[PDB]
Ligand code: CLA
Ligand code: CLA
Ligand code: CLA
Ligand code: CLA
Ligand code: CLA
Ligand SMILES: CC1=C(/C=C/C(C)=C/C=C/C(C)=C/C=C/C=C(C)/C=C/C=C(C)/C=C/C2=C(C)CCCC2(C)C)C(C)(C)CCC1
Ligand SMILES: CC1=C(/C=C/C(C)=C/C=CC(/C)=C/C=C/C=C(C)/C=C/C=C(C)/C=C/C2=C(C)CCCC2(C)C)C(C)(C)CCC1
Ligand SMILES: CC1=C(/C=C/C(C)=C/C=CC(/C)=C/C=C/C=C(C)/C=C/C=C(C)/C=C/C2=C(C)CCCC2(C)C)C(C)(C)CCC1
Ligand SMILES: [Cl-]
Ligand SMILES: [Cl-]
Ligand SMILES: [Fe+2]
Ligand code: NA
């Protein structure tokens, strides 16, 4: 009947006429994401130096402390806190909240909730638009990777100080320390993931080139070929069967996608399932399952070890390992 | 400092309750389709 | 026989089965 | 051609027999592509199976010494061999095939045959697109794998001391090449590599998001729970609602496509431009022209014993890689470094 | 001319393939490159 | 069976063809339960064939024998195995039971009735009969409540359960007076999952474990009776979806939750997963290395209360952020670890210096050394140690394997829940096949998006 | 037209291949069983990666007499 | 090791774990045999 | 002590409630949202 206050608020929230859809997953996604955005921007601008390692030496991380855009990074929570929940209200003051790594753990918790509700909001808008609902499933792969690097790896290793720092050189630091400790390069799940981005780029170039190579002539040479398409037209704007013929006599006549829906399913599923596999690889290496270990596999008849490519990889790994936490180790085994 | 915790608890509880009762308010009937 | 299809299939198939045999043989070569 | 007599010649006869539709299209590029590509792939399959890397690198690098799929590789020649083309008849092998495998000649074989096979493959795309009368945007999109292959496997070792520093064709050998670029070139910090990474990640995003959008905006044409059989490729109607897709992504993301031609050209443009900028960066590294250091930050850390960043952490990690990797990775230098001068952290 | 089933042919070929990769994964633990 | 033409479902979605075929659906389920029981029995027999008694069970790649030994079968004081026969009995019983279940599944899948409502109306159901579906749900809650009370009976009267907190280093114990306090039981449930709290992973005594099982068994039986005797209320009807795919998606979300929590139990918990059987936990190994080197550097004539590290924060002992004395080094991140060989050495201020000096025990120090050498770090070739180590130790912890695989399964099952929640919603809505192409909802809305 | 559905279902295909495929497989078997791979491609056997003259991995360290340097660093 | 009565049955114990993987592969075999209808 | 903290880390408090005012405001906010949701019913 549409008179009540909850009715007005509810139809406003589920309204598909808003410039940006809000929805019920949006009533969580919007405040969590603005919280994470505000804290991330303020921390990237002027966060005081954060003690990542727990050993009374901080990493600066903020632009106002002499960092450029490549170096600047929201530094993770302290190693002393571990997986303990560390809100602002739990800290004695904002200043030591900052020094122990509070902004990071805040931004990561809000980013988790924001991407989860972004996925829910994607499903919701597809439901309200009569769509099919699996764009949320396709988006679950970058969400899986984000959870794997920001929360699942800290749970497996025992501290948010092992999470990815929110920055560029901090990300590179995470990758190098991670390979040093777990050998991600020789992990089959990371191999599938690398194949996923390489394939996503390959089939993106392939799909774009085959569609652009078959666009039907509608405009003149002095106009953009894009002007041959008008938004909302029902005609097919390219020659799908001709692109099939070209692809077939280029690679395999019979092993070519003769269905456009098959082609788009492969386009959707290949990088998504591979990012699922690499996100799960990061999760497996959170619980220390690690990559392939072929260090001193090959030996001669005398039993003397022959170095191999995996052994050169291992020497690089020892180089990476003896530099991460240059002063935080008291014991030889890296069980932390 | 406790005040900030009380206010944030109010914020999170309010938004979570809004989410919960928004989905409880006959969401599977807000499809555009027939039935 | 001897078609383009036969040549294209065989140029890969014959060394594939040859090297598979070699790898199976030296797969049981012990130290 | 063109209302002219054009007496049939041996060229036109061979062109007729070559440019025909069959099981595998040969054309004129097949006079190049099929032998070069077959010899490159077969040479890699032979080298990963039987050819050792014992005399070039002091490593076991084939399935015959006990190595698996990931550690076998066709390894680069010795650095003393420099940038020699390693002919089987040349001054080094001097006609002996067996000593040519041991000298690292199979790497030069595979690299040259693979490069000319890439040329033949692009020319094959060109002739097939011309025969079917389609635009050669597939060739233009293939220009980026060729740029990457040339910059990494020819231009980079040609800039360095020799083919030894080129990537060896294998899995763990490629990982070694990547780790070497991390430790020595700091290749993550280079903005050209950053543009390449952004291109590849955005292209994988474009692949996944385009496939998902098309299959979640499909039109009905149904009477059956499987949607793949609602498509018949000889039709003049779209299968999915570009309008619904545009509305969905406009309200989810803020922006959304409204032109399919622009969308597909963008799907071409992102990975190709990414790989081109990454190739330009590798060409820059061929001369050791590197984006290694930030001088202001490095001076600040030197003058302030309390200022560390993740950048300075990466610099220390890189130095650890170099010093712990050099002795076993560059055996020509005979680096018999004592363990007391190797830089380490604490304990461990 | 269509006597033996294609599915029987493919199942036998898949058995031979899985046998090959199983022998490969068996001999990763013995012989050359087994680290014992 | 059916084909694409008669159902619209391709072969790669063939099980959807039996969504509305109750008898074949029952057959698929019974054959599947036959597979689960079959794997349990077959792998149990494989483990007891490949079991070795002079080694602990975490070194032989065992995942089911630790589970049986936690119930108090074949092990005595110290967790030492005394009889592999109970494990043999469980394996063979499961294998025979799987033969029976497999016959039931094969029969009902192949020659069983297609739909059960025309001949057996008690088992006959359609996905919209909410009364019948809640009856089935109620029957299954009584079944699960009897399972939980079966564990309660095992702990109370049938030999007890293995208690790693028993004095001396762990022993099988008859649980007497399990905690029945609702405050204590549900405080675990409403607890935060972060450090020091850990949600319900931080359950640390079989008293709480068995009391929660009494509680959950009684709730399951009561809710089963309630579901048999009720129907969902109109708010539940207006909020939920009532398709079989929807019920599947609800189950998928719940079992994905269960898989994630099972991963965290296997990784952190040591009272339901004793370290004598599963190997040390992640915190346990690092705290063990710190504790061992502490006692060696007491034996080498040095004061550990003093002697600050290279950062001046303490080589062996330091202060946690909450004020107690903890082990120094990076293992400070695991300062909230609780195990049977640290609690007798822990005072109100955390670790007590005089107790660390004088009240050491030989069993604690060898347990700590063995946990130090057998840390849950290994490769997927089962190469123990960090990624920089040598192929010399063939060991990966069962905690690692279980937490790894069950995080992978919990994540993929969450994704399956996404897929099925979406497909159930769009199927109840009507556009599971696509847009109408003539009554497209997007064309009926205002411009400017 | 032989669309691979007739060839792979042809007993004629399987009678002229039941000898050739196992023949090439056993040829590959004996190729490295009898050391012909070691003879041809020059990969070293497990007892011959090192001699008495050198106890370290080889270094070619030459270009124009690299043929005889490999001839002297290999196993005779 | 199995009890002293069942010691010669250890070989047919050793193959029993892989049987569910054989079951999913058998489902695919049957679908290939019915021509993937 | 040199300062004052809420010192509620650990100890497993129900919903992290260290003073009952937090539980009362959680109860109040969910209660008033349920109240508006209930008074605005018998709709659609
Ligand atoms: C697609 C065809 C093709 C192409 C483009 C190449 C290209 C290449 N091959 Mg090659 N090769 C091929 C096919 C091909 N190959 C085939 C089919 C085989 C099997 C037999 C081989 C086997 C092979 C080996 C063993 C080797 C190469 C090598 C090489 C590289 C250097 C070769 C060279 O420098 O001499 C170039 C040769 C010519 C330019 C021929 C020119 C002929 C002219 C036009 C005729 C004039 C001659 C006339 C008689 C002169 C007399 C004078 C008189 C008339 C007055 C090079 C990139 C070498 C290598 O890999 O380096 C590592 C190497 O050792 N190839
Ligand atoms: C847990 C695995 C599992 C189970 C229990 C089932 C069960 C079922 N499927 Mg299914 N399927 C599966 C996996 C599974 N499937 C997978 C992975 C795929 C993808 C490849 C399919 C694809 C698929 C399709 C396309 C169809 C089914 C159908 C069916 C149903 C009838 C099959 C039938 O009667 O046709 C005949 C099958 C046979 C004659 C094969 C007989 C072989 C038997 C059953 C194997 C068991 C033998 C065992 C070793 C002996 C034990 C006996 C005793 C000693 C214990 C049935 C309930 C059909 C259906 O929907 O029914 C309407 C159908 O159309 N499935
Ligand atoms: C998920 C539960 C689970 C867990 C935690 C374990 C854990 C363990 N198992 Mg076990 N097992 C399981 C299920 C499980 N298993 C099942 C279902 C079977 C029946 C096939 C077996 C059969 C089995 C045997 C026969 C043996 C073990 C053994 C072991 C131990 C060593 C594992 C190892 O090193 O192998 C290697 C690790 C792997 C092979 C991981 C493979 C990675 C995934 C699964 C495959 C890749 C997926 C791919 C990328 C995606 C493709 C998607 C699509 C196209 C299909 C270890 C403790 C061994 C043991 O120690 O005995 C005491 C042993 O002998 N298992
Ligand atoms: C796993 C078994 C199971 C399942 C599948 C169900 C399923 C269902 N129950 Mg039910 N129930 C169960 C066990 C189960 N119950 C048991 C064991 C009991 C005995 C205590 C009850 C007692 C019960 C009652 C009294 C009622 C239901 C009702 C319902 C229906 C609607 C519930 C709902 O709205 O969803 C989800 C519910 C909510 C989102 C609101 C519940 C409030 C919270 C979530 C309860 C948990 C408290 C806790 C602090 C929350 C955080 C826990 C978390 C941190 C782990 C639904 C079909 C209702 C019904 O329709 O009657 C027929 C109803 O009246 N059940
Ligand atoms: C109890 C759980 C459960 C149940 C009952 C179902 C039931 C159903 N699903 Mg489903 N699904 C689930 C979980 C479940 N699913 C999970 C966890 C996922 C992962 C995201 C999916 C994803 C999925 C998709 C995409 C589809 C279904 C579909 C279906 C329907 C037909 C299934 C079929 O015949 O496919 C045939 C069976 C096969 C093709 C065999 C699958 C082979 C897999 C990929 C190999 C995996 C093995 C490998 C070792 C796993 C390792 C992973 C990692 C842990 C290492 C059916 C009603 C279809 C549907 O919606 O129909 C309406 C369909 O489109 N499901
Ligand atoms: C439906 C279907 C299907 C199937 C399924 C299933 C699942 C089945 C099953 C089944 C089963 C699940 C079965 C089982 C069984 C069992 C048996 C058959 C047994 C036994 C016994 C014995 C004989 C033993 C003995 C022994 C002992 C006692 C001890 C010592 C050791 C030994 C071993 C000697 C498929 C998928 C294919 C497809 C679709 C359709
Ligand atoms: C993938 C695929 C395929 C396939 C492949 C293959 C190769 C498969 C297989 C398979 C198989 C390979 C199967 C098998 C099976 C078997 C079974 C399933 C059985 C059984 C039985 C049982 C259950 C047992 C029992 C027992 C016991 C328990 C104890 C003692 C006694 C006895 C032994 C009796 C193809 C290519 C075609 C196509 C495409 C897809
Ligand atoms: C045995 C044991 C124990 C006990 C435990 C227990 C007692 C548990 C429980 C629990 C509980 C008592 C739970 C509950 C729950 C619930 C849930 C988990 C839910 C849900 C759902 C959802 C998610 C929803 C959604 C929605 C909404 C929001 C509304 C309506 C509609 C819809 C659907 C939309 C302890 C730990 C002590 C110790 C150890 C052992
Ligand atoms: Cl570092
Ligand atoms: Cl440490
Ligand atoms: Fe398209
Ligand atoms: Na250090």
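Residue numbers (the entry's author numbering), protein chains in the order written: chain A, 9 to 344; chain I, 1 to 35; chain F, 14 to 44; chain D, 5 to 352; chain J, 7 to 42; chain C, 13 to 461; chain E, 7 to 82; chain K, 10 to 46; chain W, 60 to 103.
Backbone N, C-alpha and C fix where the C-beta goes; we use that ideal spot for every residue, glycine too.
Residue i, buried or exposed, once every other Cβ within 10 Å from all chains shown has been counted against 16
i                      : result
residue 457 of chain C : exposed
residue 160 of chain D : buried
residue 22 of chain A  : buried
residue 342 of chain D : exposed
Beta-carbon gap between residue i and residue j smaller than 8 Å
i                      : j                      : result
residue 30 of chain F  : residue 27 of chain E  : yes
residue 20 of chain E  : residue 10 of chain J  : yes
residue 87 of chain C  : residue 169 of chain C : no
residue 118 of chain A : residue 44 of chain A  : yes
residue 18 of chain I  : residue 251 of chain C : no
residue 189 of chain A : residue 408 of chain C : no
residue 239 of chain C : residue 105 of chain C : no
Amino acids of chain C, ordered along the chain, whose beta-carbon sits closer than 8 Å to that of residue i
i                     : result
residue 35 of chain K : Those within 8 Å of residue 35 of chain K in chain C number zero; the least Cβ separation is about 12 Å.
Contacting residues, own chain, Cβ-Cβ under 6 Å from residue i (five flanking each side not counted)
i                      : result
residue 281 of chain D : 196, 199 and 200
residue 33 of chain A  : 125, 128, 129 and 132
residue 288 of chain C : 91 and 182
Proximal chain J residues relative to residue i, where beta-carbon distance stays under 9 Å
i                     : result
residue 11 of chain E : 8 and 12
Within chain A, the residues that residue i reaches when beta carbons sit closer than 7 Å
i                      : result
residue 333 of chain C : 88 and 89
8 Å Cβ cut-off: residues of chain E touching residue i
i                     : result
residue 25 of chain D : The premise fails here: residue 25 of chain D is roughly 14 Å from chain E at the closest Cβ pair, so nothing lies under 8 Å.
residue 38 of chain J : 52
Interface partners of residue i on chain A, CB under 8 Å
i                     : result
residue 62 of chain W : 100 and 101
Proximal residues of chain W, C-beta to C-beta of residue i below 7 Å
i                     : result
residue 12 of chain A : 99 and 102
Contact set for residue i: own chain, Cβ-Cβ below 8 Å, skip 5 residues either direction
i                      : result
residue 60 of chain C  : 77, 96, 99, 100 and 103
residue 103 of chain D : 97
Same chain, Cβ closer than 7 Å to residue i, five either side skipped, listed in chain order
i                     : result
residue 78 of chain A : 176 and 177
One or two residues paired with residue i in a DSSP bridge
i                     : result
residue 81 of chain A : A:175
Interface residues of chain D facing residue i [CB-CB closer than 8 Å]
i                     : result
residue 16 of chain C : 228, 230 and 233
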